[PDB]
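> Handing you this structure, nothing more for now.
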Amino acid sequence: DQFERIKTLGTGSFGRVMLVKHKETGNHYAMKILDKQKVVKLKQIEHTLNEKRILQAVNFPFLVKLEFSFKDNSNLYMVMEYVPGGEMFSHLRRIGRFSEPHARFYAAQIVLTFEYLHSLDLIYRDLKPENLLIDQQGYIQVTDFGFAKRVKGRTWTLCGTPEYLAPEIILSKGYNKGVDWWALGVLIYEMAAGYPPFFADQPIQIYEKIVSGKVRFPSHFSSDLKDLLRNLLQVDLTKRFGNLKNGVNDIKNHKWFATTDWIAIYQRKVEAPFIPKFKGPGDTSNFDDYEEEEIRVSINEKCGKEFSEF
Amino acid sequence: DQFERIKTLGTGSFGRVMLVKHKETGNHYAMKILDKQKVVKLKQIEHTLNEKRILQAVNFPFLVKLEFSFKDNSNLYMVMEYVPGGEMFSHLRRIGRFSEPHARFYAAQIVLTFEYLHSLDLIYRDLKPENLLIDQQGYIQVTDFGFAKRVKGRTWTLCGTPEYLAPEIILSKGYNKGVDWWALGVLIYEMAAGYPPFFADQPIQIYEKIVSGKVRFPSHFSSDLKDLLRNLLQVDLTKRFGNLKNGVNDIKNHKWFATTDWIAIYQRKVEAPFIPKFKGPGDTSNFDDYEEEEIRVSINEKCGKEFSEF
Amino acid sequence: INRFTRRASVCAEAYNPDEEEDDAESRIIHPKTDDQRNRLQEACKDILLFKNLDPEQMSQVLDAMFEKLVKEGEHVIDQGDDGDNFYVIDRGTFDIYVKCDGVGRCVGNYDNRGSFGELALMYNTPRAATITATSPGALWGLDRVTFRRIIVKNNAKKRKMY
Amino acid sequence: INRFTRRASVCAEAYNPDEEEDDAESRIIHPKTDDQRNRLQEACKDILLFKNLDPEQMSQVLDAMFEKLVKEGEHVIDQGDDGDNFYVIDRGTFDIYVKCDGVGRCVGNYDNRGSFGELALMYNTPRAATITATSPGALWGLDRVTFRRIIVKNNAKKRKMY
């Protein structure tokens with residue numbers, strides 16, 4: 001416990017994350033506690049092992065550093081670099097909807113990270129708007145990578161979220177990329193219409209809408225992406241025109257997507273279209289007013305022989 | 001020292017209904033308990049004084065003959081009749097779509113109770129799905145009558161239908177008893193379409209939908225109901241069907257009520273379509289359950305002169 | 001089958017129509033400039049309540065309007081407590097945070113428009129929002145007591161005069 | 001603007017039929033009468049899971065079934081513990097009382113009609129609600145472990161051979 005805590009940063013099914021100050025240098029960093037309670041109550045050691053094996057030899061601009069990792073007799077704390085700025089979903093909900101350049105940059109970053117993951121045979125798995133961090137220099141970062149896999153192979157994993165699924169995952173059918181593409185067709189919708197994509201008071205309606213691929217043309221939508229949205233939803237994948245294995249010779253040759261200078265985007269140089277307003281060390285204006293829950297340290301050994309790989 | 005409580009039946013933002021049993025004879029009954037702590041802060045003695053006279057103003061079958069109330073140092077109790085059956089809101093939520101006979105019977109009962117309330121010129125004021133209980137005898141009963149009041153002049157105490165509020169009162173203006181139909185008209189939608197009327201959560205959207213004269217008509221409504229809903233669509237409901245001489249001509253002579261007979265129901269002798277199952281005394285299975293909450297209040301006087309009339 | 005909703009009782013403040021005695025014309029007096037008054041009128045015209053009001057009531061509210069200067073890092077209004085005030089962001093930007101199961105999620109801000117706590121004047125209800133300072137600014141508005149009093153007085157005058 | 005519900009994960013046991021366990025072809029068939037199977041097929045031939053399935057898998061699922069006699073008044077399932085079973089509506093009135101924020105409320109009574117409990121087979125989710133038995137009856141206790149194992153094994157064998 002060589003880290004002085006300050007204030008909690010987030011709590012959810014994924015776990016708990018707090019803010020700490022490096023005693024050996026003095027810098028704000030994030031500390032994620034594995035807890036292991038829900039892991040033992042829900043069996044989630046395979047995902048953690050896969051994420052560890054992946055991070056053991058994986059490093060790219062769209063990834064968070066792994067600096068010092070601490071395991072106790074019954075707990076584990078992973079340290080990471082903090083990126084003051086907040087998630088983009090908060091700003092999207094505060095304003096309403098972004099413009100066409102914003103969606104273009106989002107799609108460019110998505111295809112870039114997809115190509116980066118495919119270069120080393122990897123699958124993103126989970127994808128939600130609550131896993132993005134925008135710094136002051138424009139360097140975007142992604143968090144939450146436990147839902148991944150070393151090699152694609154051919155398994156039958158079931159996870160994610162009900163709001164991002166396809167018929168291939170409901171009845172496992174490999175979905176080596178459909179889960180990462182079909183669901184993506186709805187992501188843009190969340191950043192286009194003035195209301196959430198799925199709005200129903202029962203999961204049966206959501207399942208029926210996911211199975212019955214049909215996008216409802218909003219009352220105010222650009223005619224450029226209309227044709228793309230009218231075909232993004234499909235069953236198979238070979239029939240899709242823009243779906244080459246390279247993934248660069250299809251999105252660049254699109255109608256609206258043409259001037260996407262990826263050479264300057266992948267090199268981290270072009271500034272983001274919306275930089276957050278800073279104020280001081282560890283800003284909180286962009287983040288929510290969440291409070292801190294009851295914290296508890298370790299007492300004795302209970303499940304220390306779990307991650308027996310270090 | 002007469003009635004002993006058993007368990008709780010349901011608490012709200014005004015009172016708590018619970019089950020009680022007499023110590024002398026022994027019979028299950030309902031008892032509404034209220035705490036003056038919340039009334040002193042809001043100051044609502046005018047609405048409570050009406051119950052003192054409504055207790056005696058009862059000379060009809062529909063009018064529930066309330067029992068004698070009892071005021072304590074910091075709590076009030078009022079015993080009422082027992083309802084082995086349940087509420088209509090629960091049945092509607094369970095089914096969500098009534099047939100033709102059931103809808104006709106409900107409309108006839110609504111018209112009968114409205115005529116009964118108008119005969120005495122007693123403003124109903126309060127109106128919600130919870131104010132409709134189904135007795136074991138196969139009839140309908142109304143609860144919560146404290147909001148009733150008859151004043152020569154106008155009024156301004158806005159309290160009763162916050163969601164189903166006509167656009168004539170949202171602007172802080174007067175109103176008449178005819179509004180009781182409007183606030184209830186939307187309810188018929190729940191017994192026709194299958195989903196709630198307002199498909200939103202923010203009050204702004206509800207107000208915009210109420211002010212915006214537009215109501216859908218799926219392929220599930222009747223023939224006369226469609227015309228009745230289309231006739232009432234303007235913002236300033238000036239051509240109301242209730243604001244007439246007797247108020248029982250255009251509604252009874254309408255095509256919806258092709259066959260009616262109020263004399264048969266006046267004497268109470270027509271079996272309901274389906275009476276709730278009565279599994280002997282204490283059949284509280286139809287009603288919704290609730291956590292137990294005893295009376296934890298200190299025996300101390302708190303403004304007695306303010307609660308003299310009772 | 002459905003998420004469902006609560007059926008909580010709603011409340012509003014009462015009044016005694018028999019009490020005709022009131023202020024001479026207005027208690028708070030603060031005549032602003034012409035540009036500020038025009039901007040406030042244009043911002044209020046977008047509200048549904050100001051669609052049927054006459055110029056007389058508009059001028060009365062403008063003359064009786066109350067201005068409050070909020071500095072940086074200031075905090076007065078808080079959630080949970082019974083709401084008893086109302087203001088309008090005349091300029092600047094202030095993000096509002098609303099509770100969401102123990103998480104003060106954001107809703108947005110306003111810029112020379114909007115109305116923080118516009119529904120609180122329609123009925124008495126606890127504070128369902130949380131405001132936070134950002135920079136020096138001025139907010140124009142009126143509390144619920146005086147607003148309701150003026151509204152009821154105008155209603156009674158329009159009802160009895162005719 | 002909206003309550004904004006949470007978006008928790010829906011992970012579960014990663015069933016990798018390749019080198020797991022030791023047994024093989026553990027079908028464990030439980031035959032019964034023909035009238036019961038014929039009556040259950042009418043409802044089984046309309047679910048989203050059975051609307052697009054091989055006849056062999058449907059026949060195997062219909063053959064594999066365990067019965068459980070439940071009398072009146074028995075809290076076999078309660079909102080709180082983890083959920084691993086799929087109950088079929090065979091006969092008898094069963095009330096679905098959900099603890100909406102710690103308050104019991106009837107969702108939808110089932111009487112030899114409808115279909116429920118399939119959600120438990122979608123992913124790891126706790127008990128949906130309390131299933132109160134108003135009278136004696138015989139329900140179908142289909143555990144989650146059996147359903148994915150053959151349903152994935154048949155597909156794997158077909159993909160390996162065909």
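All residue names refer to the structure tokens as shown: chains lettered A, B, ... in order, residues numbered from 1 in each chain, ligands numbered from 1 in order.
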With chain B held fixed, move chain A onto it by a least-squares fit of all C-alpha atoms in order and give the output as a tab-separated table (two decimals) with C-alpha atoms, in the first residue's frame.

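The file below, result_3.tsv, is the result:
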```tsv
chain	number	residue	atom	x	y	z
A	1	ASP	CA	-55.85	1.82	20.36
A	2	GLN	CA	-58.77	-0.62	20.48
A	3	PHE	CA	-57.76	-2.49	17.31
A	4	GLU	CA	-55.34	-5.39	16.86
A	5	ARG	CA	-53.20	-4.92	13.76
A	6	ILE	CA	-52.27	-7.75	11.40
A	7	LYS	CA	-50.21	-6.56	8.42
A	8	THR	CA	-49.68	-3.37	6.46
A	9	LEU	CA	-51.88	-2.73	3.42
A	10	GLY	CA	-50.19	0.19	1.64
A	11	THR	CA	-47.68	3.04	1.91
A	12	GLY	CA	-47.28	6.15	-0.20
A	13	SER	CA	-47.50	9.91	-0.41
A	14	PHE	CA	-51.18	9.69	0.56
A	15	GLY	CA	-50.12	7.98	3.79
A	16	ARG	CA	-50.10	4.55	5.44
A	17	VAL	CA	-52.89	1.96	5.56
A	18	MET	CA	-52.86	-1.24	7.62
A	19	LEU	CA	-55.24	-4.11	8.37
A	20	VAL	CA	-56.91	-4.44	11.77
A	21	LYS	CA	-59.31	-6.86	13.46
A	22	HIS	CA	-62.29	-5.48	15.36
A	23	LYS	CA	-61.94	-6.57	18.98
A	24	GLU	CA	-65.63	-5.91	19.70
A	25	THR	CA	-66.85	-8.03	16.76
A	26	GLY	CA	-63.96	-9.73	14.92
A	27	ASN	CA	-63.79	-8.48	11.33
A	28	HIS	CA	-61.02	-7.39	8.98
A	29	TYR	CA	-61.02	-3.63	8.41
A	30	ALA	CA	-58.65	-1.00	7.02
A	31	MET	CA	-57.00	1.65	9.20
A	32	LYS	CA	-55.48	4.71	7.51
A	33	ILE	CA	-52.98	6.74	9.55
A	34	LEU	CA	-52.85	10.47	8.82
A	35	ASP	CA	-49.34	10.80	10.30
A	36	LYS	CA	-49.53	14.62	9.83
A	37	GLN	CA	-45.76	14.85	9.19
A	38	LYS	CA	-46.12	15.49	5.46
A	39	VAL	CA	-49.25	17.56	6.17
A	40	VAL	CA	-47.29	19.98	8.35
A	41	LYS	CA	-44.32	19.84	5.96
A	42	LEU	CA	-46.53	20.40	2.89
A	43	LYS	CA	-49.65	22.13	4.28
A	44	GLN	CA	-52.60	19.85	3.50
A	45	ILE	CA	-55.12	20.64	6.25
A	46	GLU	CA	-57.57	22.36	3.89
A	47	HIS	CA	-58.09	19.18	1.85
A	48	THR	CA	-58.67	17.11	4.99
A	49	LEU	CA	-61.14	19.67	6.36
A	50	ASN	CA	-63.02	19.73	3.05
A	51	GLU	CA	-63.17	15.93	2.92
A	52	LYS	CA	-64.45	15.81	6.50
A	53	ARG	CA	-67.11	18.45	5.85
A	54	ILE	CA	-68.20	16.55	2.73
A	55	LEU	CA	-68.37	13.14	4.42
A	56	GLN	CA	-70.27	14.68	7.36
A	57	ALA	CA	-73.43	14.57	5.21
A	58	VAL	CA	-72.69	12.46	2.12
A	59	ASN	CA	-73.42	8.78	1.51
A	60	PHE	CA	-73.72	6.83	-1.74
A	61	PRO	CA	-72.98	3.33	-3.04
A	62	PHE	CA	-69.68	4.52	-4.54
A	63	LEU	CA	-68.28	5.55	-1.15
A	64	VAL	CA	-66.57	3.88	1.79
A	65	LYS	CA	-68.14	3.80	5.24
A	66	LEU	CA	-66.94	5.92	8.07
A	67	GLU	CA	-67.45	3.78	11.19
A	68	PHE	CA	-65.18	4.80	14.16
A	69	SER	CA	-62.61	7.65	13.79
A	70	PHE	CA	-59.75	8.02	16.35
A	71	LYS	CA	-57.63	11.11	17.11
A	72	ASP	CA	-54.67	10.95	19.50
A	73	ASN	CA	-52.38	13.61	20.98
A	74	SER	CA	-50.34	13.63	17.75
A	75	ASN	CA	-51.88	11.12	15.30
A	76	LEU	CA	-55.17	10.16	13.68
A	77	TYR	CA	-56.49	6.79	12.48
A	78	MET	CA	-59.54	6.46	10.22
A	79	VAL	CA	-61.32	3.09	10.14
A	80	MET	CA	-63.03	1.76	7.02
A	81	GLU	CA	-64.53	-1.44	5.66
A	82	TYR	CA	-62.00	-3.64	3.89
A	83	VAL	CA	-62.84	-4.94	0.40
A	84	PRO	CA	-60.64	-7.95	-0.47
A	85	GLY	CA	-60.02	-8.03	-4.20
A	86	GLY	CA	-57.28	-5.59	-5.13
A	87	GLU	CA	-57.04	-2.83	-7.70
A	88	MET	CA	-57.86	-3.38	-11.36
A	89	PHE	CA	-54.58	-1.84	-12.55
A	90	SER	CA	-52.73	-4.94	-11.33
A	91	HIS	CA	-54.92	-7.26	-13.41
A	92	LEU	CA	-54.69	-4.89	-16.39
A	93	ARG	CA	-50.89	-4.95	-16.25
A	94	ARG	CA	-50.83	-8.73	-15.74
A	95	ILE	CA	-53.11	-9.46	-18.71
A	96	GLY	CA	-52.64	-6.46	-21.00
A	97	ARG	CA	-55.89	-4.90	-22.20
A	98	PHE	CA	-59.60	-5.42	-21.59
A	99	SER	CA	-62.46	-5.77	-24.08
A	100	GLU	CA	-65.14	-3.35	-25.23
A	101	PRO	CA	-67.73	-4.33	-22.57
A	102	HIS	CA	-65.18	-3.61	-19.85
A	103	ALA	CA	-64.53	-0.09	-21.16
A	104	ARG	CA	-68.28	0.44	-21.57
A	105	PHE	CA	-68.91	-0.53	-17.95
A	106	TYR	CA	-66.04	1.69	-16.81
A	107	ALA	CA	-67.46	4.68	-18.69
A	108	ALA	CA	-70.93	3.93	-17.30
A	109	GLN	CA	-69.62	3.88	-13.73
A	110	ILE	CA	-67.64	7.06	-14.39
A	111	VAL	CA	-70.67	8.97	-15.68
A	112	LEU	CA	-72.77	7.58	-12.81
A	113	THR	CA	-70.35	8.80	-10.14
A	114	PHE	CA	-70.00	12.12	-11.98
A	115	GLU	CA	-73.77	12.62	-11.91
A	116	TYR	CA	-73.90	11.59	-8.25
A	117	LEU	CA	-71.21	14.13	-7.35
A	118	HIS	CA	-72.89	16.86	-9.40
A	119	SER	CA	-76.24	16.20	-7.72
A	120	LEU	CA	-74.77	17.58	-4.46
A	121	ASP	CA	-72.25	19.97	-6.06
A	122	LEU	CA	-68.98	18.05	-5.70
A	123	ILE	CA	-65.74	17.57	-7.65
A	124	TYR	CA	-63.73	14.35	-7.66
A	125	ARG	CA	-60.47	16.16	-8.39
A	126	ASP	CA	-57.87	13.37	-8.33
A	127	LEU	CA	-58.55	10.31	-10.50
A	128	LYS	CA	-56.13	7.40	-10.92
A	129	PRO	CA	-56.51	3.65	-11.54
A	130	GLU	CA	-55.11	2.96	-8.04
A	131	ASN	CA	-58.42	3.93	-6.37
A	132	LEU	CA	-60.76	1.04	-7.17
A	133	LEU	CA	-61.85	-2.01	-5.18
A	134	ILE	CA	-63.84	-4.94	-6.60
A	135	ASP	CA	-65.64	-7.16	-4.10
A	136	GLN	CA	-67.04	-10.66	-4.66
A	137	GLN	CA	-70.64	-9.47	-5.12
A	138	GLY	CA	-69.61	-7.05	-7.89
A	139	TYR	CA	-70.06	-3.90	-5.78
A	140	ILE	CA	-67.29	-1.54	-6.90
A	141	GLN	CA	-65.89	0.95	-4.39
A	142	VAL	CA	-63.69	4.04	-4.69
A	143	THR	CA	-61.06	5.19	-2.19
A	144	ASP	CA	-58.90	8.27	-1.65
A	145	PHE	CA	-61.28	11.25	-1.52
A	146	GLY	CA	-59.09	13.87	0.20
A	147	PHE	CA	-58.75	15.73	-3.12
A	148	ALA	CA	-62.25	17.21	-3.23
A	149	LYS	CA	-64.12	20.46	-2.62
A	150	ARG	CA	-67.35	21.35	-0.83
A	151	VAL	CA	-68.70	23.80	-3.42
A	152	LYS	CA	-67.29	24.25	-6.92
A	153	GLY	CA	-67.34	28.05	-6.70
A	154	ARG	CA	-64.28	29.42	-8.49
A	155	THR	CA	-60.90	28.69	-6.87
A	156	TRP	CA	-57.40	28.04	-8.26
A	157	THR	CA	-56.24	24.78	-6.69
A	158	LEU	CA	-53.27	22.91	-8.15
A	159	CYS	CA	-52.80	19.19	-7.45
A	160	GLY	CA	-53.37	15.78	-9.02
A	161	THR	CA	-50.59	14.10	-11.01
A	162	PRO	CA	-48.47	15.15	-14.01
A	163	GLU	CA	-49.92	12.24	-16.01
A	164	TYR	CA	-53.47	13.69	-15.74
A	165	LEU	CA	-53.58	17.43	-16.42
A	166	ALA	CA	-54.73	19.91	-19.05
A	167	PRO	CA	-53.73	23.45	-20.09
A	168	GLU	CA	-56.51	24.81	-17.87
A	169	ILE	CA	-54.83	23.49	-14.71
A	170	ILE	CA	-51.26	24.44	-15.66
A	171	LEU	CA	-52.41	28.03	-15.64
A	172	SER	CA	-55.36	27.85	-13.30
A	173	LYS	CA	-58.53	28.59	-15.24
A	174	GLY	CA	-61.29	27.25	-13.00
A	175	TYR	CA	-61.68	23.95	-14.89
A	176	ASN	CA	-64.93	23.17	-13.10
A	177	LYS	CA	-65.14	19.96	-15.17
A	178	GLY	CA	-62.41	19.93	-17.85
A	179	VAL	CA	-59.91	18.51	-15.35
A	180	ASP	CA	-62.45	15.73	-14.71
A	181	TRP	CA	-63.23	15.24	-18.43
A	182	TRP	CA	-60.24	16.17	-20.62
A	183	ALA	CA	-57.86	14.00	-18.60
A	184	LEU	CA	-60.48	11.25	-18.69
A	185	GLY	CA	-60.00	11.10	-22.46
A	186	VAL	CA	-56.56	9.63	-21.80
A	187	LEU	CA	-57.75	7.21	-19.10
A	188	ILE	CA	-59.48	4.99	-21.66
A	189	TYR	CA	-56.18	4.95	-23.56
A	190	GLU	CA	-54.47	3.33	-20.57
A	191	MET	CA	-57.12	0.59	-20.85
A	192	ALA	CA	-56.88	0.33	-24.66
A	193	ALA	CA	-53.31	0.39	-26.01
A	194	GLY	CA	-50.75	-2.24	-25.08
A	195	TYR	CA	-48.49	0.33	-23.41
A	196	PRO	CA	-48.95	3.32	-21.10
A	197	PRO	CA	-50.28	6.49	-22.73
A	198	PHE	CA	-47.38	8.76	-21.78
A	199	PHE	CA	-43.96	7.14	-22.35
A	200	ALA	CA	-41.17	9.72	-22.12
A	201	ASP	CA	-37.92	10.13	-20.18
A	202	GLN	CA	-38.55	13.81	-19.37
A	203	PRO	CA	-41.54	15.81	-18.04
A	204	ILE	CA	-41.10	18.38	-20.82
A	205	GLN	CA	-42.27	15.85	-23.40
A	206	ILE	CA	-45.28	14.97	-21.24
A	207	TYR	CA	-46.19	18.65	-20.88
A	208	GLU	CA	-45.83	19.20	-24.64
A	209	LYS	CA	-48.05	16.19	-25.37
A	210	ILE	CA	-50.66	17.39	-22.87
A	211	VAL	CA	-50.68	20.89	-24.37
A	212	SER	CA	-50.69	19.60	-27.97
A	213	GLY	CA	-53.90	17.58	-28.01
A	214	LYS	CA	-53.35	14.73	-30.46
A	215	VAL	CA	-54.06	11.02	-29.92
A	216	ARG	CA	-51.74	8.59	-31.71
A	217	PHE	CA	-53.91	5.99	-33.45
A	218	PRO	CA	-52.58	2.62	-32.19
A	219	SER	CA	-51.71	-0.09	-34.68
A	220	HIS	CA	-54.57	-2.24	-33.31
A	221	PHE	CA	-57.60	-0.17	-32.29
A	222	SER	CA	-61.32	-0.51	-32.90
A	223	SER	CA	-62.80	1.86	-35.48
A	224	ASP	CA	-65.80	2.56	-33.23
A	225	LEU	CA	-63.96	4.51	-30.52
A	226	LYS	CA	-61.51	5.99	-33.05
A	227	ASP	CA	-63.82	8.89	-33.90
A	228	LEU	CA	-64.53	9.48	-30.20
A	229	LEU	CA	-60.81	9.57	-29.37
A	230	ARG	CA	-60.16	11.89	-32.32
A	231	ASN	CA	-62.37	14.51	-30.63
A	232	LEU	CA	-62.20	13.82	-26.88
A	233	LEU	CA	-59.28	16.28	-26.63
A	234	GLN	CA	-60.44	19.89	-26.96
A	235	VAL	CA	-59.86	23.35	-25.52
A	236	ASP	CA	-63.34	24.58	-24.58
A	237	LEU	CA	-66.36	22.45	-23.65
A	238	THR	CA	-69.48	24.01	-25.22
A	239	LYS	CA	-68.35	22.85	-28.68
A	240	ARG	CA	-68.47	19.22	-27.52
A	241	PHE	CA	-71.59	17.51	-28.85
A	242	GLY	CA	-72.01	14.92	-26.11
A	243	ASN	CA	-71.67	17.17	-23.06
A	244	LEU	CA	-75.15	18.07	-21.84
A	245	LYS	CA	-75.70	19.25	-18.28
A	246	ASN	CA	-77.78	16.13	-17.59
A	247	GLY	CA	-74.98	13.78	-18.66
A	248	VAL	CA	-77.44	10.96	-19.38
A	249	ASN	CA	-78.99	12.14	-22.66
A	250	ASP	CA	-75.57	12.21	-24.38
A	251	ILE	CA	-73.65	9.03	-23.54
A	252	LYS	CA	-76.70	6.77	-23.94
A	253	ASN	CA	-77.38	8.14	-27.45
A	254	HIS	CA	-73.83	7.39	-28.63
A	255	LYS	CA	-72.78	4.94	-31.34
A	256	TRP	CA	-71.24	2.07	-29.37
A	257	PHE	CA	-72.86	3.15	-26.08
A	258	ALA	CA	-76.55	2.34	-26.50
A	259	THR	CA	-77.46	-0.85	-24.61
A	260	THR	CA	-75.97	0.49	-21.34
A	261	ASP	CA	-78.86	-0.49	-19.05
A	262	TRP	CA	-78.05	2.08	-16.37
A	263	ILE	CA	-81.27	1.26	-14.49
A	264	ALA	CA	-79.79	-2.13	-13.58
A	265	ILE	CA	-76.26	-0.80	-13.01
A	266	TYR	CA	-77.05	2.08	-10.63
A	267	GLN	CA	-79.16	-0.29	-8.49
A	268	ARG	CA	-76.20	-2.63	-7.86
A	269	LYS	CA	-77.53	-5.87	-9.36
A	270	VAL	CA	-75.60	-6.73	-12.52
A	271	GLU	CA	-72.48	-8.75	-11.74
A	272	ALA	CA	-69.08	-7.40	-12.72
A	273	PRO	CA	-67.40	-8.81	-15.86
A	274	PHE	CA	-64.38	-9.97	-13.82
A	275	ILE	CA	-64.77	-11.15	-10.21
A	276	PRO	CA	-61.57	-11.82	-8.23
A	277	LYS	CA	-60.80	-15.33	-7.03
A	278	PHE	CA	-61.12	-15.62	-3.25
A	279	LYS	CA	-59.40	-18.11	-0.96
A	280	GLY	CA	-59.62	-17.07	2.68
A	281	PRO	CA	-59.91	-14.16	5.11
A	282	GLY	CA	-57.72	-11.35	3.85
A	283	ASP	CA	-56.47	-12.67	0.52
A	284	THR	CA	-53.06	-11.65	-0.80
A	285	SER	CA	-52.72	-13.31	-4.22
A	286	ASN	CA	-54.14	-10.25	-6.00
A	287	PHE	CA	-52.16	-7.77	-3.89
A	288	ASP	CA	-48.43	-7.16	-4.21
A	289	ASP	CA	-45.70	-8.56	-1.94
A	290	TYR	CA	-45.05	-5.22	-0.22
A	291	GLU	CA	-43.47	-5.45	3.23
A	292	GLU	CA	-44.18	-3.57	6.44
A	293	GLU	CA	-42.14	-0.49	7.32
A	294	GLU	CA	-41.09	0.78	10.76
A	295	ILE	CA	-44.23	1.65	12.73
A	296	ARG	CA	-44.20	4.07	15.66
A	297	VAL	CA	-46.95	5.04	18.11
A	298	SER	CA	-47.52	8.41	19.77
A	299	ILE	CA	-45.35	9.70	22.62
A	300	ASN	CA	-46.66	13.14	23.59
A	301	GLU	CA	-48.78	16.02	22.31
A	302	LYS	CA	-47.25	17.89	19.36
A	303	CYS	CA	-49.99	18.91	16.91
A	304	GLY	CA	-53.26	17.86	18.55
A	305	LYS	CA	-54.89	21.28	18.13
A	306	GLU	CA	-54.99	20.97	14.32
A	307	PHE	CA	-58.37	19.38	13.54
A	308	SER	CA	-60.20	21.25	16.31
A	309	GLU	CA	-63.65	20.31	15.00
A	310	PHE	CA	-64.58	17.29	17.14
```
> Would you give me, as a ChimeraX atom specification, the residues of chain C that come within 6 Å of chain B, using only C-alpha atoms?
/C:8-12,14,49
> Near segment 108-116 of chain D, counting only C-alpha atoms, which residues have an atom at most 7 Å away, once you skip same-chain residues fewer than 4 positions from it, shown as a ChimeraX atom specification?
/B:94 /D:88-96
> May I have the residues of chain D within 12 Å of chain C, counting only C-alpha atoms, written as a count of residues only?
17
> Can you pull out every residue from chain C that DSSP, working from the backbone, puts in strand (DSSP E or B), and format the result as a list in words?
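Written out, the strand (DSSP E or B) residues of chain C are residues 11, 66, 67, 68, 69, 70, 82, 88, 89, 96, 97, 98, 99, 104, 105, 106, 107, 108, 124, 126, 131, 137, 138, 139, 140 and 141 of chain C.
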> I'd like the contact shell of segment 142-159 of chain C - 7 Å cut-off, only C-alpha atoms, skipping same-chain residues fewer than 4 positions apart - returned as a PyMOL selection string.
chain C and resi 65-66+84-87+121
> Run DSSP on the backbone of this structure and report the residues of segment 209-277 of chain B it assigns to helix (DSSP H, G or I), as a PyMOL selection string.
chain B and resi 209-211+223-231+262-266
> How many Å separate atom CA of residue 67 of chain D from atom CA of residue 30 of chain D?
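Taking atom CA of residue 67 of chain D and atom CA of residue 30 of chain D, their separation equals 9.6 Å.
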> How many Å lie between atom CA of residue 62 of chain D and atom CA of residue 15 of chain D, rounded to one decimal?
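Distance reported for this atom pair: 22.4 Å.
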> What is the atom CA of residue 133 of chain C to atom CA of residue 75 of chain C distance in Å?
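These two atoms are separated by 6.7 Å.
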> When you look at segment 23-27 of chain D with a cut-off of 9 Å (counting only C-alpha atoms), what residues show up, excluding the ones that are within fewer than 2 positions of it in the same chain? I need them as a list in words.
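Neighbouring residues, sequence-local ones excluded: residues 20, 21, 29, 60, 64, 146 and 150 of chain D.
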